[PDB]
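Take a look at the letters that make up each chain.
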Amino acid sequence: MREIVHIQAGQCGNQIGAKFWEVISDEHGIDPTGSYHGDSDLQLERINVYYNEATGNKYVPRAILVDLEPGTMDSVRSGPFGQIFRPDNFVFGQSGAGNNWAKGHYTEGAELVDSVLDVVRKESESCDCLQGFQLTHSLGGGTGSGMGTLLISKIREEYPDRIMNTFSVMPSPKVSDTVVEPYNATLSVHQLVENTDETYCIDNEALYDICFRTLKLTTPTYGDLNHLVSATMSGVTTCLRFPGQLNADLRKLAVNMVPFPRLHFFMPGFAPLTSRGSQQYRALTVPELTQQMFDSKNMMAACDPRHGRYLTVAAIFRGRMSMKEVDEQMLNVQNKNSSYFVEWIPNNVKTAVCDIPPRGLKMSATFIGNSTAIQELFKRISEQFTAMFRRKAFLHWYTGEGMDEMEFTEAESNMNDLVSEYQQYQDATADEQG
Amino acid sequence: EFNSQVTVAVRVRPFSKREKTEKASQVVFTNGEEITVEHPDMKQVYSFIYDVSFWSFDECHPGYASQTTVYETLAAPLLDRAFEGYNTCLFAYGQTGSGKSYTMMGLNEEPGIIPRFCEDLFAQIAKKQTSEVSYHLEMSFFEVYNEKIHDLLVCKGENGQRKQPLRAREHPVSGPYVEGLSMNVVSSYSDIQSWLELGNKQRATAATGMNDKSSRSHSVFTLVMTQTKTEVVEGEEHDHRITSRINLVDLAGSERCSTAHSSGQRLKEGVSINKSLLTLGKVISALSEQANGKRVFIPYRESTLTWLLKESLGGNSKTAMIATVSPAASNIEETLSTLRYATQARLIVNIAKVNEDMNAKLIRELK
Amino acid sequence: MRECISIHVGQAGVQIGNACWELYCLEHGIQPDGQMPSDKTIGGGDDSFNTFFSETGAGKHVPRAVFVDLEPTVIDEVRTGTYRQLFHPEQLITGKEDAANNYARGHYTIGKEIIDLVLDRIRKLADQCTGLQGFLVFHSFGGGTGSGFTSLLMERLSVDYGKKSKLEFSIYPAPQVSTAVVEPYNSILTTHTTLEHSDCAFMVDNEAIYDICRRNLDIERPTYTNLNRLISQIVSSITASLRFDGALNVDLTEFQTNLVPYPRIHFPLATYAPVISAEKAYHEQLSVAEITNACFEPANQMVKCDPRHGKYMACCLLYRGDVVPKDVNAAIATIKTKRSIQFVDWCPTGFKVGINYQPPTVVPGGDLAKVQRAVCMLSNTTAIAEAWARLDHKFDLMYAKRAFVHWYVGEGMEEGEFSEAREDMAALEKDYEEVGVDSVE
Ligand SMILES: CC(=O)O[C@H]1C(=O)[C@@]2(C)[C@H]([C@H](OC(=O)c3ccccc3)[C@]3(O)C[C@H](OC(=O)[C@H](O)[C@@H](NC(=O)c4ccccc4)c4ccccc4)C(C)=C1C3(C)C)[C@]1(OC(C)=O)CO[C@@H]1C[C@@H]2O
Ligand SMILES: Nc1nc2c(ncn2[C@@H]2O[C@H](COP(=O)(O)OP(=O)(O)OP(=O)(O)O)[C@@H](O)[C@H]2O)c(=O)[nH]1
Ligand SMILES: Nc1nc2c(ncn2[C@@H]2O[C@H](COP(=O)(O)OP(=O)(O)O)[C@@H](O)[C@H]2O)c(=O)[nH]1
Ligand SMILES: Nc1ncnc2c1ncn2[C@@H]1O[C@H](COP(=O)(O)OP(=O)(O)O)[C@@H](O)[C@H]1O
Ligand SMILES: [Mg+2]
Ligand SMILES: [Mg+2]
C-alpha cells in the first residue's frame, strides 16, 4: 500500500533508474515483458509499491521519464527492459537546457512541466495510499537541477504531507564535468532545503574510488556506478516490500534522521561489496558488514565523516540476522568512536532488519548517515560561486532567461547559513556543569 | 557602542466565561513590579521580575492598568525614539484567549495600541509641521497563515478562492522583505482607521473552544515614516532624511488540540501556528544565550515569521514584548512557559542606530 | 527531431562541405545517389539521421545545407562531380562577378540581389524542421563573400530566427602565411559586425594544420583536400551527440554557455589530438591519457597561438568510441596538477566533458587511420589577444597611408567605417586584459 512514484530527470537519472528496474525486477521475478516468472510468493504480495497490474498479470512500473532531449529515452526503449514502461509516461522535448538552470526552471521546463504533472496526478490518484515520491536527478546540469527542483516545488504544494525523497549526484571536488556546476548546484540547494525531507547526496569521484579500491575494477563504466546507487535505492524501500523483525518506512527514518528541518542531507553506503576473487576468502557476518558501512572509504558523498560528527545514522539489514549481533555492534561504534558522535543524542543510531535478502547474497546492508562533513561540499560551491559571481562571469546566460542577481545572492546566504547550522554542532559543546 | 535592551512587559487578563463557568482559582498575584504564581498544590512558588507589569484582573482594584496606561507606558517611548530616528518593534506573545489582539488592536469602544500610536503620531506631526520638517508616511498590514503570506489591505475579487499569496525575499542590505506588498500612503488618522477596518475584516478568524474570535494568523502592521529636514548648505536645502520602521505584531496561540476541539482546517492551521511558535521560541532562546558570551546560530529560515522579523528580534531595532497571561489555575504550565520566554527575552540586546541615510557617502567622512 | 542547418560560404566553406558530406554519408550508410541500402537490414528507424539528412518516401536522402559562393567555379564542381545526385539543385550561384577580396563588395554592392534568395532556401528548410537547434556557418576571414556575405547574413539571421545558436567555423588569418594583401581589413570589418550576432566562433588557421600534417601524418606536400578532412571531423564531434548514442551528450547550447563567459570574447580554439597515420597507428596505445595530453600540446593546436602566453577561461573535451569516464577524470586531474596550464581565478571548474560511443569513420583515399578513440577540444584562451593585436597593427600600418581604401569607398563604404571598426576592435583587446587580471578584495 505504501506506494511510491519514481521520477527520472536527465541523462543521469534516466540512466540510473533504467538500472533500478533491472535490479528490482530480478528481486520480484518480473521479466522484460512484465510477465511474472518468479519462485517465492512474497514477491507479489507487495509488488504494488513500485508496479501496477495491467491486464494478464503483466506488471507495468510506476516510472516517469522526463528530459529535454529524446536521446536518453531512445536508450531505454532500445534496451533490455524498455518494453515494460508506459509509453505515455515518456515525456520529452528538444533543445535541452544547455547546462543552464535558468532554462529548466523558467523557460523550457515551464513549457513541459504541466505535462509531467499529468502523469504524476494520474499515478498518485491511482494509488491507494501514497507514502511519498522518489526523484533521481543530477544537479550540475539544467534539466535535473532545473526541471527537477521545479517539480518538487509543485508537488510539495499539492502533497505537503507526503515524503519527497531525492537521489542527487552532486558536483565533484577535484574534476568538473560542467563549467557552470556552482550556479546550478547552488540554486538547487536554495530550493531543496525548503522542499525536501530526505536528500541522498551522491558523488562520482567516491564511486570511482569504491570501484577501484574495493571492487578492484580497472575500467568502471557508468553502468557499474549506477549499479551501486540502485542498491541503496532498494535498501531504503525494502521494509515496505518484504517482511522482517524490525520494519522501517521512509518516515521512520527521517523522523530518526532529521533532527532539525534543514539537515536532511545524507551520506549513503552499501555492504558487502567485494572483488570476484576475495569472495571465497571472506566470512559474511554483521561485524564484517558494519566495518564496511562505517568505513569512510565506502561512502558516495565525497566527504570524510572523520572531519565532523554524525548527528544521526541508520542501518538497514537484510537476511536471517541476529538482533543481539546487530544491537551489540552498533553500540560498539558509539562507545569506541564517541568523538565522531554528538552528546545530546544518546543513541545516534537506528536499525532495521528484513528477512528476505538480495537475489545472490545471504546478507546485505544499507547505510544512511547525516554528518557535519557535508559542510565541506557546500562550503566549496560557495567559494567557486562567489569567485565567479563577484566578476559576473557566466551570469548573462542566466539573466537573459528571466532572472536577477538577487536570486543569486539569496541562494548564497542560505547555503552559508546551512553551513553555520552544521558548524555549531560539529564543534564539541559543553554545558556549565551538566 | 549602543546596546539597546529589549523592553519586556506583562499583562494579566481577568477571568473568562470558561474560567468562571468552571470556577477556576486565582493563582497569579501581583505587588507592583513582581509577578508570582502560587501553585494550587502548594509545593513550590515561582516569582518573576519584569520592567513593566499590568493587572487588568479587577476593574476596581488599585493598580488597574488600562489601554491608555499600557499605551503611555510602552508605546510612547517607542514613538519618541521613532521620531528620534530609530526603528521600533512591539510584539505580543502568549496562549489562546489571553488578550493579545485586545491589547494591540482592541475593540470598537476599547482601542488597543495601534490606533493610539497612529493618532498620537499624527498629532505630534501636525504640531511639529513646520517648513523645517516634512513628514511622509506609508503603511502596510499583512498576514501569515499556514506559512503563507497574504496582504490584508486589498479588496479581494470574487472567486471560489481568492487569496493570492506573496513571496519573501532577502535584500542584501535591507534584509528580509515581502515582494508584492501594498504600501499605502497616509496623511491622517482617518485613512489609517479605514485600512485597519479592512485588514481586520480580511484577517483569518474562527470559532474555537477557547475563543469564539480566535485569530488563525499572525498579523504585522508596518509603518514607514520618512522625515525630511534641512541644513543651510552650499546649495538648496532639504538634504537630510530619516527613515523609521515601526512593526506592531499580534501573534496567535499554542492551541492544544484537546481543549481547542479541532478537526480539519482548524487542526491544520492550528498545527501551523504551533510550528510558528516553536521556531519563534527557539529564536528567543538562542538570542538570550547569544547575549551571554556563548556563540549560537539563530534559526530564522525555519519560519516566515521569524524570517521577516530578523531585523526586530535581533539586528537594528528598539523592541518590546507584551506577554499575555491568564490568572486561572487550569493554564499554569502554559502561563509559565510564556513567563520564562519573557524572562529570557529580557536578556536580549540589539544594536539600534539612527537612519540618517548618509553613511559612507559624505558626512560619514565628515564625522 | 533535432535538426541543424549548415551554411557554406565561399570557396573555403564549399571545399569543407564536400569534405563534410563525404563523411556524414559514410557514417550513416548513404551513397552519393542519396540512397541507403543498409536499410534492408534494419528497416528504417532513424538511421536516416535527421540532424543533417532529410528523407523522401522514395528512399532518397537529401542534406540540409545551403551553399553560396558568388562565383560559379567551386559549386559547378559539385553539380558535375560525385555528389551531383545528392544535393538539391538549388545551390545558390550568383557568380556573374566575385567579391574581388573586398568586404565592401560582399556586404553591399554584389552582396544584395542574392542575400534575399539565400534566406528563402533556409526558411524553406526550417519549415521542414521541427526541432531546429541552430545554424553551422562555414566561411573565412580574408575574402569578400566569406567576410561580407556572412556579416550581411548573420545580421538577417539574428532577426528572422532571433535567439538560436549560430556557431561559426571560420579560417582565421595566419600571422606570417597569407594569400591576400587585404586579410587585415576584411578580418577586422567582419568581427565588428559579427560580434554582436554570433554565439561561438570556432577558429582555424592553415599554418597550424600544415605543421600538424607534416610532423604527425608525415605529409610534407599537403593540399586543401587534407586540411578540410580534419575540419570535417571536428564538426562530426560537435554534432555526434545529436546523431549517435552516448553517456554524456552535448547539445549545441552547451558550447554557447560554458565556453562564452562574456558575450564578446566567444573566440575559442579547436584541436584534434589523434591525427596519426596507419603506420604510427601501431606502436602507440592511443588511450584517453595519451589523447587528452596531446590536445594541450601547443604544437598540436589548429591555430597558431601559444596558450602558455595566456590563461584558460574554459575548455570542452568531446570524446568518441571506447572511452570510460574514469579515464577522463584521471586525465583532467593531471592537467589541473600541471603549472604550465594556467586557469583564471574565477573558473575553478573549467572543464566541460562529453562522451559518445560511435568511433570515427575512415574515408578511403584519406590520410587518417582507423582508431577506437578520438577527441576534440574547444578552448577559450586569453592568448587570442595576440592575434587581434597583430591584425590591428597591420591595419594601422596600411590604413594610415589610406592604401586600398578607394576599392572599398568605390563599393559604397564610408571612411569612418574603418575608424569605427578599428576602435571597436581596440576595446576587445582591453577586455581580454580584464579577464586575465586576478581579482583582489
Ligand atoms: C557470489 C557470486 O557468484 O558473485 C557475486 C559477486 O561477485 C558480488 C561481488 C556481487 C557482484 O556485483 C558486481 O559485480 C558489481 C559490479 C558493479 C557494481 C556493483 C556490483 C555480482 O555481479 C552481483 C550479484 O549479486 C546480485 O545479483 C544482487 O541480487 C544484486 N543484483 C543486481 O543488482 C542485479 C543487477 C543486474 C541484473 C540482475 C540483478 C542486487 C544488489 C542490490 C539489491 C538487490 C540486488 C552477486 C551475488 C555476485 C555477482 C553476480 C558477481 C556484488 O553485488 C552487489 C552490489 O550486491 C558486488 O558485491 C556484491 C557481492 C557479491 O559476492
Ligand atoms: N582551410 C582552407 N582554406 C581555404 C580553402 N580555400 C580557400 N581557403 C582560404 O580562403 C582565404 C581567402 O578566401 P577565398 O579563398 O578568396 O574564398 P572567398 O570567401 O570566396 O573569397 P572571394 O573569392 O573573394 O569571394 C585564403 O586565405 C585561404 O587560406 C580551403 O579549401 N581550405
Ligand atoms: N552517476 C552518473 N552521473 C551522470 C551520468 N550521466 C550524466 N551524469 C551527471 O550529470 C551531469 C550532466 O547533466 P545532464 O542532466 O546530463 O545535462 P542535460 O543533458 O542538459 O540535462 C554531469 O555532471 C554528470 O556528472 C551517469 O550515467 N551516471
Ligand atoms: N483587559 C480586558 N478587559 C476586558 N475583556 C478582556 C480583556 N482582555 C481580554 N478580554 C476578552 O478576552 C477575549 C480576548 O481574546 P483575544 O485577545 O482576541 O485572544 P488572543 O489573544 O488569543 O488573540 C476578548 O473577547 C476580550 O473581550
Ligand atoms: Mg488574536
Ligand atoms: Mg571565391
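Residues numbered from 1 in each chain as written, not as in the entry; some residues may be left out. Chains lettered and ligands numbered in written order. Part of a larger assembly, values for the part shown. Heavy atoms only, no water.

Method of determination, as annotated in the archive: cryo-EM, at 2.9 Å resolution.

Visitor: Please give an account of the overall build of chain C that cites residues and values.
Guide: A tally of regular secondary structure across chain C gives 15 helices and 11 strands. In terms of overall size, chain C behaves like a compact globule, its C-alpha atoms giving a radius of gyration of 21 Å where 441 residues would be expected to give roughly 22 Å. In terms of its C-alpha atoms, chain C occupies a principal-axis envelope of roughly 65 × 60 × 45 Å. Evaluated residue by residue, chain C yields a buried proportion of 60% over its 441 residues. Intrachain contacts of chain C at a sequence separation of at least 6 include 83% that bridge at least 24 residues. By element, 50% of the accessible surface of chain C is carried by carbon and sulfur atoms, the whole surface being about 17300 Å². (Helix = DSSP H or I, 4+ residues; strand = E, 2+ residues; numbered from the N terminus. Rg over C-alpha atoms; globule rule 2.2 N^0.38 Å. Buried < 20%, exposed > 50% of the residue type's maximum accessible area, 1.4 Å probe, protein only. Contact = heavy atoms within 4.5 Å. Areas by Shrake-Rupley, 256 points an atom, 1.4 Å probe, with all protein chains shown as cover.)

Visitor: Break down the overall build of chain B for me, with residues and values.
Guide: Each helix and strand counted, chain B has 10 helices and 18 strands in total. Counting only C-alpha atoms, chain B reaches 75 × 50 × 45 Å along its principal axes. Counting over 367 residues, chain B shows a buried share of 49%. In chain B, the proportion of contacts linking residues at least 24 apart, taken out of those at least 6 apart, comes to 69%. Between the averaged position of the 41 positive side-chain charges in chain B and that of its 44 negative side-chain charges there is a distance of 7 Å. (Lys, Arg positive; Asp, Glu negative; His and termini not counted. Charge placed at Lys NZ, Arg CZ, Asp CG, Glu CD.)

Visitor: Before we move on, could you go through the site of ligand 4 and cite the residues and values that matter?
Guide: Residue and element names in this part refer to chain B. The immediate surroundings of ligand 4 are formed by 14 residues, with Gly 97, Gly 99, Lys 100, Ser 101 and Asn 211 found nearest. The side chain of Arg 11 places a nitrogen or oxygen atom 3.3 Å from a nitrogen atom of ligand 4. Between ligand 4 and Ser 101, the relevant distance is 3.1 Å, taken from an oxygen atom to a side-chain nitrogen or oxygen of the residue. Coverage of ligand 4 by the protein amounts to 72% of the 560 Å² it exposes when considered alone. Mapped by element, the contributors of at least two residues to the shell around ligand 4 are helix 3 (100–104) and strand 14 (211–215). Ranked by residues supplied to the shell around ligand 4, first place goes to helix 3 with 3 residues. (Near = heavy atom within 4 Å. Polar contact = N/O pair within 3.5 Å; in protein donor to acceptor, adjacent residues only side chain to side chain.)

Visitor: Quick rundown of empty space enclosed by the protein? Include the residues and the values.
Guide: Following the criterion strictly, the structure yields 11 cavities of 30 Å³ or more and no others. Considered as a void within the structure, the largest cavity measures approximately 710 Å³ in volume. Counting residues per element, the lining of the largest cavity draws most heavily on helix 1 (residues 10–28) of chain A, which supplies 5 residues. Here the lining of the largest cavity is built from residues that sort into 16 nonpolar, 17 polar and 7 charged. The space that makes up the second largest cavity amounts to roughly 130 Å³. Together, C:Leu23, C:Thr225, C:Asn226, C:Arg229, C:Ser232, C:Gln233, C:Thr361, C:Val362, C:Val363, C:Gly366, C:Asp367 and C:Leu368 line the second largest cavity. When residues in the lining of the second largest cavity are grouped by element, the largest group, 5 residues, is from helix 8 (residues 224–238) of chain C. Domain assignment of the residues forming the lining of the second largest cavity places at least three in each of domain 1 (1–268) and domain 2 (269–383) of chain C. (1 Å grid on protein atoms, 1.4 Å probe; cavity = no way out; pocket = protein on both sides within 12 Å on 5 of 7 lines; lining within 4 Å. Points joined across faces, edges and corners; volume = space filled by probe spheres on them. Nonpolar A, V, L, I, M, F, W, Y, C, P; charged D, E, K, R; others polar. Domains from an automatic or database assignment.)

Visitor: Mind laying out the coordination of the magnesium ion (ligand 5), listing which residues take part and the relevant values?
Guide: Each pair of donors in an ideal four-coordinate tetrahedral metal site encloses 109.5 degrees, whereas pairs in an ideal six-coordinate octahedral site enclose 90 or 180 degrees. All names here are of chain B. Surrounding the magnesium ion (ligand 5) are the protein donor atoms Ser 101 (OG) and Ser 215 (OG), which sit 2.0 to 2.6 Å from the metal. With a gap of 114 residues between them, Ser 101 in helix 3 and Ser 215 in strand 14 connect regions that are remote in the sequence. A relative accessible area of 12% means that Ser 215 is categorised as buried. (Donors = N, O, S within 2.8 Å, 3.2 Å for Na, K, Ca; no water.)

Visitor: Give a description of the pairing of strand 13 (residues 205–208) of chain B that names residues and reports values.
Guide: Along a regular strand, successive side chains alternate from one face of the sheet to the other. Residue and element names in this part refer to chain B. Of the two faces of strand 13, only the one carrying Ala 206 and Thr 208 is buried; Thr 205 and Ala 207 on the other face are not. Relative to strand 14, strand 13 is paired through 3 bridges, and the arrangement is antiparallel. Residue pairing in the sheet places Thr 208 in a bridge with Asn 211 of strand 14. Connecting strand 13 to the next strand, strand 14, in antiparallel fashion are 2 residues. (Pairing = 2+ DSSP bridges.)

Visitor: How would you summarise the packing of helix 12 (residues 375–389) of chain A against helix 14 (residues 406–426) of chain A if you had to cite specific residues and measurements?
Guide: Residues and elements named next belong to chain A. The N-to-C vectors of helix 12 and helix 14 enclose an angle of 150°; their axes lie 10 Å apart at closest approach. Of the possible angle classes, the one that applies to helix 12 and helix 14 is roughly antiparallel. Crossing of helix 12 over helix 14 shows left-handed handedness. In this structure, helix 12 contributes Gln 375, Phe 378, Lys 379, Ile 381, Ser 382, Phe 385, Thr 386 and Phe 389 to the contact, and helix 14 contributes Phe 408, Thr 409, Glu 412, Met 415, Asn 416, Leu 418, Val 419, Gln 423 and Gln 426. Residue classes in the contact of helix 12 with helix 14 are distributed as 8 nonpolar, 7 polar and 2 charged. (Axes fitted to C-alpha atoms, helices over the stretch in contact; angles between N-to-C directions. Parallel < 35°, antiparallel > 145°, perpendicular 65-115°, else oblique. Left-handed = near helix turned anticlockwise from the far one by under 90°.)

Visitor: Provide a residue-level description of the UniProt feature "binding site: ATP" in chain B, including the pertinent values.
Guide: Residues and elements named next belong to chain B. Sites flagged by UniProt as "binding site: ATP" map to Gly 94, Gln 95, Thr 96, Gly 97, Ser 98, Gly 99, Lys 100 and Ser 101. Following the sequence through the fold, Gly 94 ends up in strand 7 (residues 88–94). For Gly 94, a relative accessible area of 7% corresponds to the buried category. Relative to the helices and strands, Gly 97 is located in the loop between strand 7 and helix 3. Its relative accessible area of 19% is what places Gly 97 among the buried residues. If near-sequence neighbours (up to four positions away) are discounted, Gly 97 is found in contact with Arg 13, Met 210 and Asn 211. (UniProt positions renumbered as here; feature names shortened; annotations may be inferred.)

Visitor: Help me get a handle on the site of ligand 2, residues and values and all.
Guide: All names here are of chain C. Ligand 2 sits among 18 residues. The nearest are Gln 15, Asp 98, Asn 101, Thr 179 and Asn 206. Here an oxygen atom of ligand 2 and a backbone polar atom of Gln 11 are 3.4 Å apart. Per-element accounting of the shell around ligand 2 gives the leading share, 4 residues, to helix 1 (residues 10–28). Of the residues assigned to the shell around ligand 2, the class counts are 4 nonpolar, 12 polar and 2 charged.

Visitor: I'd love a proper account of the side chain of B:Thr226, names of residues and values included.
Guide: All names here are of chain B. Considering the arrangement of structural elements, one finds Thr 226 in strand 15 (residues 218–229). A residue is classified by how much of its surface remains accessible, and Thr 226, at 11% relative accessible area, is buried. Aside from chain neighbours lying at most four places away, what touches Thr 226 is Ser 134, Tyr 135, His 136, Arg 241, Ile 242 and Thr 243.

Visitor: Outline the sheet that holds strand 13 (residues 349–354) of chain A, supporting the account with residue identities and numerical values.
Guide: All names here are of chain A. Strand order in the open sheet formed by 5 strands is 9-13-12-14-11, and the pairing between neighbours is mixed. Of all strands in the sheet, those bounded by a partner on one side alone are strand 9 (244–246) and strand 11 (269–271). Neighbour-to-neighbour, the strand axes of the sheet open up by a mean angle of 15°, direction not taken into account. Sheet topology places strand 9 next to strand 13; 2 bridges connect them, and they run antiparallel. In the strand pairing of strand 13, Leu 246 is matched with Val 353. Strand contacts of helix 11 (residues 323–336): strand 9, strand 12 (310–318) and strand 13, with the helix running at about 155° to strand 13, the strand carrying the most contacts.

Visitor: Could you give an account of the nonpolar core, naming the residues involved and the relevant values?
Guide: C:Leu378 and C:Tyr432 are the most contacted members of the largest nonpolar core, which totals 108 residues. A per-element tally of this core places helix 13 (residues 385–399) of chain C first, with 7 residues. In this view, C:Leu378 contacts C:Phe202, C:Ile238, C:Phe255, C:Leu259, C:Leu269, C:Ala270, C:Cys315, C:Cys316 and C:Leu318; residues no more than four positions away in its chain are not counted. Judged by nonpolar contacts, the second largest core, of 70 residues, contains A:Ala9, A:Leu117, A:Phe133 and A:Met164. (Core = buried A, V, L, I, M, F, W, Y, C linked by side-chain atoms within 4.5 Å.)

Visitor: Help me get a handle on the environment of C:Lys394, residues and values and all.
Guide: All names here are of chain C. Topologically, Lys 394 is positioned in helix 13. A relative accessible area of 29% places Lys 394 in the partly exposed class. C-alpha of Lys 394 to C-alpha of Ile 110: the two residues are 284 residues apart in sequence and 27 Å apart in space. Excluding anything up to four places from it in sequence, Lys 394 contacts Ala 174, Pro 175 and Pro 184. Reaching out from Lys 394, the side chain makes a polar contact with the backbone oxygen of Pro 175 at a distance of 3.2 Å.

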